[PDB]
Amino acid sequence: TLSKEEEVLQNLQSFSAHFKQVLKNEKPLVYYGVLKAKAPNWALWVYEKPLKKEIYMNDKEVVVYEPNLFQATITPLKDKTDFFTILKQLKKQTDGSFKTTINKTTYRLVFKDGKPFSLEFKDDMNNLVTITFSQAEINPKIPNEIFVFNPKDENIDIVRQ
């Protein structure tokens, strides 16, 4: 009664992948990085190119660290919308994609060769965000400390918005 993709989501406890992030508008400026996610609701997005940014996320908040600025911006989250939460919520659609809606934003996951392949949603400006995964790993061992925002030094301005 579970498809192969449905079993992956049921059994999933961690995930890592390289990603390409495209936002559709004037000219596609494409961001590249690495994603690590882990139960219960932890996620880390490391952008490597062309800008370096680290986005730590859990159930309660998101931390956006901009090393070029020596600044971290913290936003409390009212809805659980981290990557692992979304996956554990997806339901299979008639077209074979997977979807879920959280706070009026619909997220669409497509699989390929048995692994998460792409994630698509509108941002809060109604712009379409497409994230494509490569070198995807199902249930890798990801050490917990990777997820701890450790400045590490203390030049960092902490901005709350």
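Residue indices: 1-based, along the sequence shown.
Comparing 112-120 with 25-33, the stretch with the higher mean C-alpha B-factor in the PDB entry is 25-33. Checked against the record, the higher mean CA B factor of 3-11 and 150-158 lies with 150-158.
For the set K60, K99, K38, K104, the PDB entry assigns the largest Cα B-factor to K60.
In the deposited entry, the Cα temperature factor of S16 places it in the lowest third of its chain's modelled residues. In the PDB entry, a CA B factor belonging to the lowest third of its chain's modelled residues is recorded for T85. Sort the modelled residues of the chain by CA B factor and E54 lands in the lowest third. In the deposited entry, the Cα temperature factor of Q93 sits in the middle third of values across the chain's modelled residues. Looking at the C-alpha B-factors along this chain, the one for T132 belongs to the lowest third.
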